[PDB]
file query32.pdb (PDB, C-alpha atoms and all ligand atoms)
ATOM      1  CA  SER A   1     -58.192  20.517  -3.310  1.00  0.00           C
ATOM      2  CA  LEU A   2     -55.257  18.806  -5.088  1.00  0.00           C
ATOM      3  CA  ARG A   3     -51.767  18.141  -3.507  1.00  0.00           C
ATOM      4  CA  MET A   4     -48.841  17.144  -5.819  1.00  0.00           C
ATOM      5  CA  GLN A   5     -45.099  16.293  -5.704  1.00  0.00           C
ATOM      6  CA  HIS A   6     -43.078  17.873  -8.508  1.00  0.00           C
ATOM      7  CA  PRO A   7     -39.604  16.369  -9.191  1.00  0.00           C
ATOM      8  CA  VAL A   8     -36.813  19.027  -9.132  1.00  0.00           C
ATOM      9  CA  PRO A   9     -33.273  18.611 -10.634  1.00  0.00           C
ATOM     10  CA  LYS A  10     -29.961  18.133  -8.713  1.00  0.00           C
ATOM     11  CA  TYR A  11     -26.495  16.696  -9.252  1.00  0.00           C
ATOM     12  CA  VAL A  12     -23.369  15.285  -7.598  1.00  0.00           C
ATOM     13  CA  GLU A  13     -19.911  15.597  -9.187  1.00  0.00           C
ATOM     14  CA  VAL A  14     -17.911  12.428  -9.781  1.00  0.00           C
ATOM     15  CA  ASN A  15     -14.259  12.487 -11.019  1.00  0.00           C
ATOM     16  CA  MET A  16     -12.456   9.468 -12.466  1.00  0.00           C
ATOM     17  CA  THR A  17      -8.815   8.790 -13.424  1.00  0.00           C
ATOM     18  CA  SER A  18      -7.031   5.911 -15.194  1.00  0.00           C
ATOM     19  CA  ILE A  19      -4.454   3.415 -13.927  1.00  0.00           C
ATOM     20  CA  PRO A  20      -1.851   2.707 -16.677  1.00  0.00           C
ATOM     21  CA  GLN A  21      -1.293  -1.061 -17.145  1.00  0.00           C
ATOM     22  CA  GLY A  22      -3.752  -1.614 -14.226  1.00  0.00           C
ATOM     23  CA  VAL A  23      -0.816  -1.003 -11.795  1.00  0.00           C
TER
ATOM     24  CA  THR B   1      38.129 -17.158  35.381  1.00  0.00           C
ATOM     25  CA  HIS B   2      38.562 -16.364  39.110  1.00  0.00           C
ATOM     26  CA  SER B   3      36.262 -16.414  42.137  1.00  0.00           C
ATOM     27  CA  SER B   4      37.149 -15.065  45.597  1.00  0.00           C
ATOM     28  CA  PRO B   5      34.595 -13.687  48.126  1.00  0.00           C
ATOM     29  CA  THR B   6      36.050 -10.157  47.426  1.00  0.00           C
ATOM     30  CA  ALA B   7      37.170 -10.619  43.791  1.00  0.00           C
ATOM     31  CA  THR B   8      35.901 -12.039  40.490  1.00  0.00           C
ATOM     32  CA  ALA B   9      36.953 -12.191  36.886  1.00  0.00           C
ATOM     33  CA  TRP B  10      34.991 -13.193  33.731  1.00  0.00           C
ATOM     34  CA  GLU B  11      35.583 -13.592  29.973  1.00  0.00           C
ATOM     35  CA  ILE B  12      33.069 -13.266  27.111  1.00  0.00           C
ATOM     36  CA  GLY B  13      33.395 -14.337  23.472  1.00  0.00           C
ATOM     37  CA  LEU B  14      31.389 -12.120  21.112  1.00  0.00           C
ATOM     38  CA  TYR B  15      31.039 -12.753  17.381  1.00  0.00           C
ATOM     39  CA  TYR B  16      29.725  -9.951  15.126  1.00  0.00           C
ATOM     40  CA  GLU B  17      28.441  -9.978  11.560  1.00  0.00           C
ATOM     41  CA  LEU B  18      28.545  -6.657   9.741  1.00  0.00           C
ATOM     42  CA  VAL B  19      26.672  -6.344   6.446  1.00  0.00           C
ATOM     43  CA  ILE B  20      28.500  -3.967   4.037  1.00  0.00           C
ATOM     44  CA  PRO B  21      25.912  -2.065   1.819  1.00  0.00           C
ATOM     45  CA  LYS B  22      26.311  -1.858  -1.973  1.00  0.00           C
ATOM     46  CA  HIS B  23      23.366   0.565  -2.353  1.00  0.00           C
ATOM     47  CA  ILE B  24      20.608   2.058  -0.112  1.00  0.00           C
ATOM     48  CA  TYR B  25      17.056   2.991  -1.411  1.00  0.00           C
ATOM     49  CA  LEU B  26      14.822   5.413   0.564  1.00  0.00           C
ATOM     50  CA  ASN B  27      11.800   6.548  -1.488  1.00  0.00           C
ATOM     51  CA  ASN B  28       9.985   3.305  -2.309  1.00  0.00           C
ATOM     52  CA  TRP B  29       6.546   2.106  -3.456  1.00  0.00           C
ATOM     53  CA  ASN B  30       4.897  -1.302  -3.305  1.00  0.00           C
ATOM     54  CA  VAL B  31       3.188  -2.480  -6.562  1.00  0.00           C
ATOM     55  CA  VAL B  32      -0.570  -3.531  -6.620  1.00  0.00           C
ATOM     56  CA  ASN B  33      -1.913  -5.329  -9.798  1.00  0.00           C
ATOM     57  CA  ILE B  34      -5.602  -4.513 -10.523  1.00  0.00           C
ATOM     58  CA  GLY B  35      -5.823  -5.802 -14.133  1.00  0.00           C
ATOM     59  CA  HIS B  36      -8.966  -5.399 -16.256  1.00  0.00           C
ATOM     60  CA  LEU B  37     -12.283  -7.226 -16.918  1.00  0.00           C
ATOM     61  CA  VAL B  38     -13.123  -8.599 -20.423  1.00  0.00           C
ATOM     62  CA  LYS B  39     -16.383 -10.166 -21.694  1.00  0.00           C
ATOM     63  CA  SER B  40     -15.777 -12.807 -24.418  1.00  0.00           C
ATOM     64  CA  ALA B  41     -18.183 -15.233 -26.165  1.00  0.00           C
ATOM     65  CA  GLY B  42     -20.416 -15.110 -23.074  1.00  0.00           C
ATOM     66  CA  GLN B  43     -17.638 -15.482 -20.403  1.00  0.00           C
ATOM     67  CA  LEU B  44     -16.472 -12.722 -18.001  1.00  0.00           C
ATOM     68  CA  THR B  45     -12.693 -12.874 -17.639  1.00  0.00           C
ATOM     69  CA  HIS B  46     -10.180 -11.041 -15.385  1.00  0.00           C
ATOM     70  CA  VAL B  47      -6.913 -10.174 -17.184  1.00  0.00           C
ATOM     71  CA  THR B  48      -3.552  -9.360 -15.593  1.00  0.00           C
ATOM     72  CA  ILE B  49       0.041  -8.652 -16.641  1.00  0.00           C
TER
HETATM   73  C1  LIG C 101     -21.223  18.983  -6.127  1.00  0.00           C
HETATM   74  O1  LIG C 101     -21.244  18.975  -7.567  1.00  0.00           O
HETATM   75  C2  LIG C 101     -22.449  19.483  -8.204  1.00  0.00           C
HETATM   76  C3  LIG C 101     -22.117  19.280  -9.649  1.00  0.00           C
HETATM   77  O2  LIG C 101     -23.324  19.293 -10.364  1.00  0.00           O
HETATM   78  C4  LIG C 101     -22.692  20.918  -7.689  1.00  0.00           C
HETATM   79  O3  LIG C 101     -23.839  21.612  -8.316  1.00  0.00           O
HETATM   80  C5  LIG C 101     -23.802  23.063  -8.509  1.00  0.00           C
HETATM   81  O4  LIG C 101     -24.438  23.736  -7.370  1.00  0.00           O
HETATM   82  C6  LIG C 101     -24.583  25.212  -7.495  1.00  0.00           C
HETATM   83  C7  LIG C 101     -25.129  25.774  -6.179  1.00  0.00           C
HETATM   84  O5  LIG C 101     -24.008  26.071  -5.326  1.00  0.00           O
HETATM   85  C8  LIG C 101     -25.475  25.506  -8.701  1.00  0.00           C
HETATM   86  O6  LIG C 101     -25.569  26.931  -8.916  1.00  0.00           O
HETATM   87  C9  LIG C 101     -24.843  24.907  -9.956  1.00  0.00           C
HETATM   88  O7  LIG C 101     -25.751  25.170 -11.053  1.00  0.00           O
HETATM   89  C10 LIG C 101     -24.608  23.399  -9.789  1.00  0.00           C
HETATM   90  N1  LIG C 101     -24.075  22.848 -11.038  1.00  0.00           N
HETATM   91  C11 LIG C 101     -22.899  22.254 -11.256  1.00  0.00           C
HETATM   92  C12 LIG C 101     -22.826  21.400 -12.536  1.00  0.00           C
HETATM   93  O8  LIG C 101     -21.928  22.374 -10.514  1.00  0.00           O
HETATM   94  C13 LIG C 101     -22.984  20.735  -6.197  1.00  0.00           C
HETATM   95  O9  LIG C 101     -23.528  21.930  -5.616  1.00  0.00           O
HETATM   96  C14 LIG C 101     -21.648  20.352  -5.556  1.00  0.00           C
HETATM   97  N2  LIG C 101     -21.708  20.318  -4.094  1.00  0.00           N
HETATM   98  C15 LIG C 101     -20.617  20.259  -3.338  1.00  0.00           C
HETATM   99  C16 LIG C 101     -20.823  19.933  -1.855  1.00  0.00           C
HETATM  100  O10 LIG C 101     -19.498  20.453  -3.805  1.00  0.00           O
END
call {"tool": "encode", "arguments": {"input": "query32.pdb", "output": "structure tokens", "more": "lines below"}}
Ligand SMILES: *[C@@H]1O[C@H](CO)[C@@H](O[C@@H]2O[C@H](CO)[C@@H](O)[C@H](O)[C@H]2NC(C)=O)[C@H](O)[C@H]1NC(C)=O
result
Amino acid sequence: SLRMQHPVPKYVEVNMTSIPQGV
Amino acid sequence: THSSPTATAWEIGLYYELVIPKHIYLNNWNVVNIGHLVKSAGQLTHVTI
């Protein structure tokens, strides 16, 4: 017997936009 | 001005102020000033215009 936990890949999408002059 | 059991009269003095517009603006936004952070010779600084 041997029981194991294999990591598996996944992602979330993040979008970013700028703020000219910080305004 | 007059008072009888069957008849009255009254007077009222009304003053009005009318603003006359020069221009009218409808589609408007408030400003909000977020600035930027800067790290300089060890000190964290918030910078604004
Ligand atoms: C949110 O974004 C990620 C971005 O990585 C999406 O991942 C995709 O998912 C599908 C399954 O529907 C896979 O076939 C793709 O290979 C994945 N890759 C990418 C880079 O998109 C995730 O599924 C999205 N989920 C939602 C709720 O929008």
call {"tool": "closest_residue", "arguments": {"input": "query32.pdb", "among": "A:14, A:2, A:19, A:8", "to": "residue B:36", "atoms": "only C-alpha atoms"}}
result
A:19
call {"tool": "interface_residues", "arguments": {"input": "query32.pdb", "of": "chain B", "to": "chain A", "cutoff": "6 Å", "atoms": "all atoms listed in the file", "output": "PyMOL selection string"}}
result
chain B and resi 32-35
call {"tool": "axis_aligned_box", "arguments": {"input": "query32.pdb", "around": "stretch 3-14 of chain A", "padding_each_side": "5 Å", "output": "lines of an AutoDock Vina configuration file"}}
result
center_x = -34.8
center_y = 15.7
center_z = -7.1
size_x = 43.9
size_y = 16.6
size_z = 17.1
call {"tool": "atom_distance", "arguments": {"input": "query32.pdb", "atom1": "atom CA of residue B:18", "atom2": "atom CA of residue B:30"}}
result
27.5 Å
call {"tool": "residues_near_point", "arguments": {"input": "query32.pdb", "point": "(-12.1, -9.5, -16.6)", "cutoff": "8 Å", "atoms": "all atoms listed in the file", "output": "PyMOL selection string"}}
result
chain B and resi 35-39+44-47
call {"tool": "decode", "arguments": {"input": "query32.pdb", "residues": "stretch 27-46 of chain B", "atoms": "N, CA and C atoms", "output": "mmCIF file, in the first residue's frame"}}
result
data_model
loop_
_atom_site.group_PDB
_atom_site.id
_atom_site.type_symbol
_atom_site.label_atom_id
_atom_site.label_comp_id
_atom_site.auth_asym_id
_atom_site.auth_seq_id
_atom_site.Cartn_x
_atom_site.Cartn_y
_atom_site.Cartn_z
ATOM 1 N N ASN B 27 -23.172 66.478 -18.499
ATOM 2 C CA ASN B 27 -22.450 65.218 -18.435
ATOM 3 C C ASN B 27 -21.122 65.407 -17.707
ATOM 4 N N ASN B 28 -21.128 65.178 -16.395
ATOM 5 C CA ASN B 28 -20.046 65.597 -15.509
ATOM 6 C C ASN B 28 -19.461 64.421 -14.725
ATOM 7 N N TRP B 29 -18.167 64.507 -14.443
ATOM 8 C CA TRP B 29 -17.417 63.569 -13.622
ATOM 9 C C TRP B 29 -16.692 64.306 -12.505
ATOM 10 N N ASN B 30 -16.783 63.758 -11.298
ATOM 11 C CA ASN B 30 -15.873 64.034 -10.194
ATOM 12 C C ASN B 30 -14.487 63.447 -10.496
ATOM 13 N N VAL B 31 -13.431 64.181 -10.135
ATOM 14 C CA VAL B 31 -12.026 63.730 -10.036
ATOM 15 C C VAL B 31 -11.791 62.867 -8.780
ATOM 16 N N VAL B 32 -10.850 61.912 -8.803
ATOM 17 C CA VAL B 32 -10.284 61.201 -7.628
ATOM 18 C C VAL B 32 -8.766 61.062 -7.876
ATOM 19 N N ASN B 33 -7.904 61.451 -6.928
ATOM 20 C CA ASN B 33 -6.442 61.525 -7.109
ATOM 21 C C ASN B 33 -5.676 60.388 -6.411
ATOM 22 N N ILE B 34 -5.318 59.327 -7.115
ATOM 23 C CA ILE B 34 -4.732 58.135 -6.488
ATOM 24 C C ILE B 34 -3.202 58.238 -6.318
ATOM 25 N N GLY B 35 -2.522 59.020 -7.152
ATOM 26 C CA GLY B 35 -1.078 59.173 -7.047
ATOM 27 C C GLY B 35 -0.299 57.912 -7.376
ATOM 28 N N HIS B 36 0.852 57.751 -6.737
ATOM 29 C CA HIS B 36 1.791 56.661 -6.981
ATOM 30 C C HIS B 36 2.629 56.450 -5.716
ATOM 31 N N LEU B 37 3.129 55.239 -5.469
ATOM 32 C CA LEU B 37 4.149 55.005 -4.436
ATOM 33 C C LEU B 37 5.553 55.004 -5.036
ATOM 34 N N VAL B 38 6.529 55.495 -4.275
ATOM 35 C CA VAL B 38 7.962 55.562 -4.615
ATOM 36 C C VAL B 38 8.775 55.108 -3.400
ATOM 37 N N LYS B 39 9.801 54.296 -3.614
ATOM 38 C CA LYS B 39 10.751 53.899 -2.575
ATOM 39 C C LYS B 39 12.065 54.637 -2.806
ATOM 40 N N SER B 40 12.575 55.380 -1.824
ATOM 41 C CA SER B 40 13.759 56.228 -2.033
ATOM 42 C C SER B 40 14.625 56.319 -0.787
ATOM 43 N N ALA B 41 15.879 55.879 -0.937
ATOM 44 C CA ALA B 41 16.928 55.808 0.088
ATOM 45 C C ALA B 41 16.381 55.224 1.402
ATOM 46 N N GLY B 42 15.613 54.149 1.265
ATOM 47 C CA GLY B 42 14.986 53.448 2.371
ATOM 48 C C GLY B 42 13.566 53.917 2.708
ATOM 49 N N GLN B 43 13.070 55.068 2.257
ATOM 50 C CA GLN B 43 11.759 55.562 2.689
ATOM 51 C C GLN B 43 10.679 55.374 1.615
ATOM 52 N N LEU B 44 9.546 54.770 1.989
ATOM 53 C CA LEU B 44 8.356 54.681 1.143
ATOM 54 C C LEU B 44 7.590 56.002 1.168
ATOM 55 N N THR B 45 7.252 56.495 -0.004
ATOM 56 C CA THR B 45 6.722 57.838 -0.199
ATOM 57 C C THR B 45 5.504 57.724 -1.117
ATOM 58 N N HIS B 46 4.424 58.436 -0.810
ATOM 59 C CA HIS B 46 3.256 58.595 -1.673
ATOM 60 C C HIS B 46 3.333 59.944 -2.391
#
